[PDB]
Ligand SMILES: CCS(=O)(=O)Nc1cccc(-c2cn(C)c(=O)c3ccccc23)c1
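Take a look at this single chain, the form solved without this ligand, given in structure tokens.
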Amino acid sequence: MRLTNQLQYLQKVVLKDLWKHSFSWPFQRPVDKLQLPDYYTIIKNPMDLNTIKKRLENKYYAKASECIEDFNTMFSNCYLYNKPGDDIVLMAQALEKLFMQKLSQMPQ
């Protein structure tokens, strides 16, 4: 179709941009007038931006590709266990477009 640089771009640029986006709150913990069904929709995804942020702070990833797998896990779980029209899905989709744009610009 260098490891420190990749991981540093993922932390300081990619994650930063998602973290600060206005739709990232369903993908963060804690969740801060939310209805209870919607609270469950958010928290039933076992991957979130917090987990990725901590792994990046604590040198958890041996490869940048392992970081990308966590991101995939997060988006994938959203799409799998919610319906295509759902708010959480459309929000995940906008974050995912931002993620893929920024990933595309990562130095190679």
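Between two forms, the rigid core is defined as the largest C-alpha subset superposing within 1.5 Å. In this text, residue numbers run from 1 along the sequence as written.
What comes next is about the form deposited with this ligand bound, which is not displayed.
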property	result
Clash verdict for this ligand in the bound PDB entry, overlaid onto the shown chain (3 or more atoms within 2.4 angstroms of backbone or C-beta)	blocked
4.5 Å heavy atom contact, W19 to this ligand in the bound PDB entry	no
Contact test in the bound PDB entry: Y60 vs this ligand, heavy atoms, 4.5 Å	no
Exercise: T41 in contact with this ligand in the bound PDB entry, heavy atom 4.5 Å	no
4.5 Å heavy atom contact, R29 and this ligand in the bound PDB entry	yes
Among the candidates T73, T51, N45, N82, the residue which, in the bound PDB entry, approaches this ligand to within 4.5 Å (heavy atoms)	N82
Residues within stretch 84-100 having a non-hydrogen atom within 4.5 Å of this ligand in the bound PDB entry	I88
Core-superposed comparison between this form and the one not shown, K54 Cα displacement 2 Å or beyond	no
Flag for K44, CA shift 2 Å or larger between this form and the one not shown after aligning core	yes
Note on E69-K44 C-alpha separation in the bound PDB entry, which departs from the shown form by 3 angstroms or more	closer
Inter-Cα distance between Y81 and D38 in the bound PDB entry, nearer or further [3 Å or more]	closer
